[PDB]
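Remarks on the structure that follows.
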Amino acid sequence: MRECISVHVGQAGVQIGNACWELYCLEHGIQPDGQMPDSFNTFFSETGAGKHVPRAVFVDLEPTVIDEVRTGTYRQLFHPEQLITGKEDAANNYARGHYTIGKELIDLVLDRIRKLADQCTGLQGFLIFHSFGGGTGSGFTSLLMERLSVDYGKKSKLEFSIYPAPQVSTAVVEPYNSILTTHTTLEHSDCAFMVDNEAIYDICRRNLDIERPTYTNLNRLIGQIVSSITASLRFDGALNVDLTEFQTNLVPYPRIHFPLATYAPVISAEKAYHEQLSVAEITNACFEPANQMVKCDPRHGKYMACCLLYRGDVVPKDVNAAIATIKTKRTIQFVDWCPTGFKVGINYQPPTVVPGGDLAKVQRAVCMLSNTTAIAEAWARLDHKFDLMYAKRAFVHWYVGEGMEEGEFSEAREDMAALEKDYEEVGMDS
Amino acid sequence: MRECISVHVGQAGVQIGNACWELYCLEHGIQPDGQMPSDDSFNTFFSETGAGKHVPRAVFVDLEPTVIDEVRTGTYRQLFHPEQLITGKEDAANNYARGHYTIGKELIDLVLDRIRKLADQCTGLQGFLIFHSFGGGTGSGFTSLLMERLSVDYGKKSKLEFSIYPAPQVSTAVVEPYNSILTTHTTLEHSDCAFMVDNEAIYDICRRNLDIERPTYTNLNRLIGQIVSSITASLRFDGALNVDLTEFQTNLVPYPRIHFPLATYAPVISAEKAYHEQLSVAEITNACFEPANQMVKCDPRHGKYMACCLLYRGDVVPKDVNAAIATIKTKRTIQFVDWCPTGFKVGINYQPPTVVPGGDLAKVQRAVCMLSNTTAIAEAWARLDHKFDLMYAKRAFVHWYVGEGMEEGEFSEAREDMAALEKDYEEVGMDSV
Amino acid sequence: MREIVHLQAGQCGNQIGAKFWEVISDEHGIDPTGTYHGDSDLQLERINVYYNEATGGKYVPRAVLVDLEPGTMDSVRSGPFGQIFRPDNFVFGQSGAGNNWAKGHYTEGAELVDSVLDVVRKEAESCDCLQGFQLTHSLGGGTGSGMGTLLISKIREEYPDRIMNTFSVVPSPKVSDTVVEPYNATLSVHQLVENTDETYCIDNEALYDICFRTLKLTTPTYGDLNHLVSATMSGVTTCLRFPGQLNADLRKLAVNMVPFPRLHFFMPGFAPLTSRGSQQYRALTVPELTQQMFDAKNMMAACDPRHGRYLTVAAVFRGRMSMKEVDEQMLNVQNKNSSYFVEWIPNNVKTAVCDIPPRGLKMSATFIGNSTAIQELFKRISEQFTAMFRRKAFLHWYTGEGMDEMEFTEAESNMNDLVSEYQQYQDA
Amino acid sequence: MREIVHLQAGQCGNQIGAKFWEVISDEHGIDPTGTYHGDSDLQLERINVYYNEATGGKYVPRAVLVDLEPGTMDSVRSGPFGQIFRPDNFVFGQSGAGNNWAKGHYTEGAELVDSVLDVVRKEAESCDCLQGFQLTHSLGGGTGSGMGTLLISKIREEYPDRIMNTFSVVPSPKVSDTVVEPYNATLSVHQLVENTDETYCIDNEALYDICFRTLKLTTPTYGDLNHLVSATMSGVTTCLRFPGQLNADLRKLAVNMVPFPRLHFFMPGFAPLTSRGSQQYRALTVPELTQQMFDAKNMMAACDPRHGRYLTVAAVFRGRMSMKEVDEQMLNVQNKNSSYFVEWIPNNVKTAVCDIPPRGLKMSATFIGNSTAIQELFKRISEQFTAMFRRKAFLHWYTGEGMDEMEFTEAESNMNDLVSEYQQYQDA
Amino acid sequence: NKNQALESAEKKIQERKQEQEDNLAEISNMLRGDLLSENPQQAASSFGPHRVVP
Ligand SMILES: Nc1nc2c(ncn2[C@@H]2O[C@H](COP(=O)(O)OP(=O)(O)OP(=O)(O)O)[C@@H](O)[C@H]2O)c(=O)[nH]1
Ligand SMILES: Nc1nc2c(ncn2[C@@H]2O[C@H](COP(=O)(O)OP(=O)(O)OP(=O)(O)O)[C@@H](O)[C@H]2O)c(=O)[nH]1
Ligand SMILES: Nc1nc2c(ncn2[C@@H]2O[C@H](COP(=O)(O)OP(=O)(O)O)[C@@H](O)[C@H]2O)c(=O)[nH]1
Ligand SMILES: Nc1nc2c(ncn2[C@@H]2O[C@H](COP(=O)(O)OP(=O)(O)O)[C@@H](O)[C@H]2O)c(=O)[nH]1
Ligand SMILES: [Mg+2]
């Protein structure tokens, strides 16, 4: 009817999938077993019986992350094959994931993805979750995206990705692994939602009170954001918004397609019962420069767009009053060629709680995919970082020997250069 | 009224027929003694006597008694007629000359006497099903001699072949390319439709589609047994769109020398996997045309699809079949020839296949078997010709053949005739402009 | 209905065959007096290949006992299974060959060969359909090398269409028993290359090396050497004794292993051979069986396979197991070691599997290899022949017994022709 | 299914492996004999990375213990976990090198490499995906220094991509067990710069320090020092064995710690090392373990990292802990100490969080740090070699073992090259 | 399809335990097999304890 295949790539992806599909299960009441004790159709298919197998393809070159799922609590939910793993990892090297170690799993994946697209009568588009700083998540993702465009045609190939953090950086080759992936995905991705980690760390400490958070808490929040990008596709709402719509009302010029996400009523239970979270309250917070998902200060750019997705009990009148207020304050500035500015999508289903989560059952919530130009600061930091290394030809042997020319690096940084120019041109006001 | 005499020749033919007749016995409720515990649909395979016995309409022939005497001392001792199981004393020893000229010519009079006894017993005979292997001596020599004797005695009666074509890499014999080229050249025009399977593909099917690791020949013969049951399901069971055995030579082989379609069985999945997915008609139709679900080890995208015959079993809807094949034809991944715009034979049956106790298959509501005649089988012949002349250039192993009553010039006659077949496929594989 | 007549000559042939009939009787469940106290009916189903019926459920082997010395018959009767053989099949001479090929072939074995042949036709023609013969002897001795080759010629002029098998024990220089053994070996390979349909070359020093480092025995006697040979004979002919999921008897092995009628000298080996201390360190799987099968260290010949190319390879297996696992392993050994197999044969390895393992074993396998590298076995014997023939070392023992100089010359000439013919097919 | 063949070479190596294997066995749960007497499930999930599997639940270690004199290996067998090792992986020689790189790399080491390479293959053959090999050895000896380098070379060729780490024990800055250390080591380093993916450099000097100022141990035995090398060992292979929040691998660690190829010489170090009395007064918190792993004293090499710039850093934290902390306690380092980390590499630290904690511990970590301080080690080994080669001292010993004099200078050059690279980057 | 999966899982466990039973009988038949034991009893002959086997 209106289904959406979800292709998670890499540890980040596999682990994000775990949180996301757990929420999906406790929303459509599908117990870990896979049964309920047509809103589910979008994400969950169905055997002749009541076994609702998910519509996902968890793929990871390393045989470990997907193995914790194969033998876990949600073991009999996922189909044994959907979980596609390899024998050795991409060793934080785009090359291996896009040329050598990743050129032997692409077949299995595109085959299975086709098998989940033959049961789809209204495939809105594919959701591709991954992290730019990793090998598979950069290499294979780029690989898949290429053949995804040629096989599944022009579909809403959206991508909830994890951009490297301003300061913190798991791997040292992150600059490289993340520039060599934009260059190829720039023309094979519709909306690349950027959600960092150091921002979510800050939220888990300031908004929720969980000090010393783990990737679990961070991943749980990511799931609530993905639940809201796909809540009008499953549940019902006054103003429903489909995946196809976002691309139109968020991506202004083609290349510029890196929106930033934001939740809203992220409060601890002890705080929940101390504030009357109003539609304005949740909206005002969804714009504050400390609840953002990337540490790019939005008070430096111009909201080239905005898509506010209200979920829960949200009277249609308040959403207007709130947006009107935002429009008043001059801090929140929008580019001149966007006089309209916002896109609203109301969904009646209230946000759900996870047995052992962090946020407290709210009555209303808002998620805002915003295309600010303040994301330029991100690539500018990354560009220097890459430049600080390519100059010394550091870690270049780890790529030239894995089916890749040195020329590619330069070619990629020229595309990175172009995007950084475009993001500036679309800023210069009339 | 719908009978067919099934000849099982060679060890591959006999051991396949053990799983075939086990499946036939479980389908019609005939115990290994031959007596039903408590209809007339068994007549196509069994012949009821005056008492409650139901002897099969089959002959088991092999030159080596170490396989048939297992049947003569096994669970199905009392099912088979003693005269119907015919053995010699020395095997053909992977010699086509021994299976055709010296040793196999001894046993051809008793087998044809037993075949004509079964044919005189039959009232509605349709064709002969012969199970053998291209890589053996008895399965290549005595099979070939049987075709010459069946053509001279029975005429244009239908003859279907279920042969183990030689795998591209795995082989259990060294002179296996010699027998494969020799038996094909002399069966090119004494055979009507020869269905192809390879051992490597079933090994891959058992590894990736079934959950079982370390597969044996027992799992191979059961999955082949499911195909022949699916081929002959329309004669025994009620069907919405019935398919005969005289059908297969009409809608699969377009030209007289090309009669090697590719058999496959798409819904081959284990029980744990079957719980995790449905088995709808569109899902089982497009699983036939997958290159990973082929029961002949050759890539179907390398060549051109010429004729396809799809047989459906179970609660299958003809509309769902019409929708599934239409989505196959609009797919550009596989392509048909221009001179055959139809390229599809449809068969619908109502009874789902019976699960055998101990089998690796699952209880399925729908089943499909596709017999596809492809141009992509030409790369198998070219590779088989490459193996033949690699030893024929130095006359390797030819002294075992010339020393057993067969002329040396037949090697230079079979390969020249096979080289014609190589670019008979090239001739039919081009579009006309 | 496929009988095998066993022949054995010499002290080495009698002692190997005495252990051979002991292993067969343990597999077929036959006590030393000759009655079947076994368990499975699958044991007493094809007993007719080796044994013959006697009154009262008694089974006598179809073997003839041939030697020129009466001292070997006392040795074979002193064994645990010495009473199973028929006394009419004991054909023993009065004067020994004395490590003389001329005495074993011309003057002393000429009157005993008629008595042996009467017993051979006695056992051959009581079979409804005889498959072939089987001879165990040593090429370094006098009785085995001389009369053994004489029996090869005289039973092939009467049974030409039957297969001929000989389990030859060729000499090796580093373990030297007799000084005149290069003379005996050179005069006997010509009778092997022209008559025997298939032959196996057994090296004593490879058996000692296997018994030293693979089985790790403190004091390996000859009975341990004969046990390794006897397990290979059982592994070769286990197809026509027990059922298998896909079979290969003696003739089908000979067809697929011999590409040209002068190329039939094999390189035997036995797979499941582990030491006592390493019994608990192994996992009884097909990959270990195949990995130890193709090892030159496990080989029962003193010529290293890495020095030549495998023309063809046979693999006869015993036990209940999978076929994909076996079929993939022979695919793996061909693909990785592609330089060790000849290019003009694309499928060098054949496979036989029987579902019944030997008693006390769950799995077993035997290795048969026709390799070019056996030409260095003959080339090292020929260089020890031309070193003695040039100075006419021990030739007055042979010349005075009725043979000429040209017989030694034509024996070396046919022997060098075989080695050069092996060399040409390695070049390809 | 990644697997690691452990080649322990030399006396030092055979004792290092004896404790390394005991330690990994205690984690996986394998007992002295080899049966899983453990209290978990993940202890047997990924055991294929280090142990094979026999019958009965015996998990034989995938290891080859090599030596030019049986002594130390016979001593290893008669020990605690001395019956796990397969009895056919103890390849040994009969004439030792005698602190002579030459004998070990050209004379007697070169008559054993063949035998070792066989065992090596067999273990690497039965490997779905051999992630790589691992050589624990000493650089101031003969079988460890010579046959070790010989093996690393022949292996590196036969097996390309496969990772090839080496836990090498380099000479001390103070006292010297072997007088010929200068030559031995200098002649070996050259090879460890060409045929090693990632070489870890442990110096006995550091062990004493971390076993006197950190472990308050008054009577340390080489075994207490060997337990430390064994802890660092597991740390670099804990994510390919037990699950984790952020997973790592030998190859991944190499990619994010080897900037330019030549530089593969790292510096290891543990984390929750604490004294007996100073055990109850601790606070196992990521904050604490990250104040030791970086503390120069807790290094396992002589090079002090205050005289050099860390080109990279690799922390492998084994312990269910707060990801935020791991991260927050990483920036702090790169920030606070800002002159001890190069600027040409933005982020100079790799992080991995394996969950299953070290036995009898809540949170541990293994740090591997490529530092331009390592130039100190080779500078010392070179200033020694210089003094010796100048007066051509014990050159004779090396010369007449199949060696020359130019190879010595070649080596010295090769060393001065690596030390130049190091300095260049340090000042770059 | 569920009872087949439970039957197949129990069959594989039963085949694994039956594999370990004849693996232990494999080893136990080697340590007493008149070849690896090297007992001085193969030298016994039918002619008597004095004559032994040559
Ligand atoms: N925000 C967030 N990020 C995560 C989470 N889990 C993993 N990550 C990210 O994943 C990255 C590491 O994953 P990868 O390097 O791709 O590991 P991998 O998928 O095995 O890739 P390879 O090792 O190269 O094969 C880190 O940078 C994390 O930021 C999560 O739950 N939330
Ligand atoms: N389907 C199937 N094929 C088999 C089986 N056993 C062997 N084969 C195949 O059959 C080919 C040879 O046939 P054989 O089984 O040896 O029987 P044959 O054709 O009579 O040949 P011989 O009896 O050995 O002279 C081999 O190449 C195998 O690929 C089996 O049990 N089932
Ligand atoms: N394998 C094996 N070889 C043996 C045995 N007995 C003797 N030989 C070999 O046979 C050779 C001597 O043969 P010989 O007894 O003189 O043969 P004969 O003259 O024909 O009886 C020696 O080189 C031995 O190595 C045995 O029991 N087993
Ligand atoms: N850490 C540690 N070092 C050791 C051990 N045993 C020996 N060594 C070192 O090994 C060096 C000597 O290497 P050597 O004994 O000559 O090895 P060889 O080549 O096998 O003879 C000495 O400098 C010791 O410091 C041990 O158990 N632990
Ligand atoms: Mg047969």
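This entry, so its header tells us, was determined using electron microscopy, 3.5 Å.
From the backbone N, Cα and C atoms, a Cβ is placed for every residue, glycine too.
Binding of GTP is attributed by Swiss-Prot to D:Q11, D:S138, D:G142, D:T143, D:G144, D:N204, D:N226, and within the candidate set D:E69, D:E288, D:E325, D:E328 the record adds D:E69 to that site. Within the set D:1-4, D:109-112, D:113-116, D:129-132, the record from Swiss-Prot flags D:1-4 under the feature motif 'MREI motif'. A distance below 8 A between C-beta atoms marks D:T55 as the recorded positions from D:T55, D:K58, D:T143, D:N204, D:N226 lying next to chain E. In terms of Cα spacing, the modified residues D:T55, D:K58, D:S172 that come within 10 Å of D:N204 (GTP binding site) are D:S172. All protein chains included, D:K58 (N6-acetyllysine) registers 21 other Cβ atoms within 10 Å of its own Cβ. Residue with the densest Cβ environment among the recorded positions D:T55, D:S138, D:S172, D:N226: D:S138, by other Cβ atoms within 10 Å. Taken through DSSP, the motif 'MREI motif' (D:1-4) splits into 0 helix, 3 strand, 1 coil. Local packing around the binding-site residues D:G142, D:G144 was summarised as the count of other Cβ atoms within 10 Å of each Cβ; on this measure the leading residue is D:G144. Of all the modified residues in the list D:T55, D:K58, D:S172, the shortest Cα-Cα distance to D:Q11 (GTP binding site) is found for D:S172. Only D:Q11, of the recorded positions D:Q11, D:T55, D:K58, D:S172, place a Cβ under 6 Å from an atom of ligand 4.
The 10 Å shell around the Cβ of D:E69 (GTP binding site) contains 19 further Cβ atoms across the protein chains shown.
Non-local neighbourhood of D:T143 (GTP binding site): D:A9, D:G10, D:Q11, D:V66, D:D67, D:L68, D:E69, D:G93, D:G96, D:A97, D:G104, D:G109, each in the same chain, at least six residues away, with C-beta under 8 Å from its C-beta. Ranking the recorded positions D:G142, D:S172, D:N226 by the distance of their Cα atoms from the Cα of D:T55 (phosphothreonine) places D:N226 first. Rounded to a whole number, the C-alpha distance linking D:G144 (GTP binding site) with D:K58 (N6-acetyllysine) is 29 angstrom. Filtering the recorded positions D:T55, D:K58, D:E69, D:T143, D:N226 for a Cβ under 8 angstroms from any Cβ of chain C leaves D:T55, D:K58, in order along the sequence.
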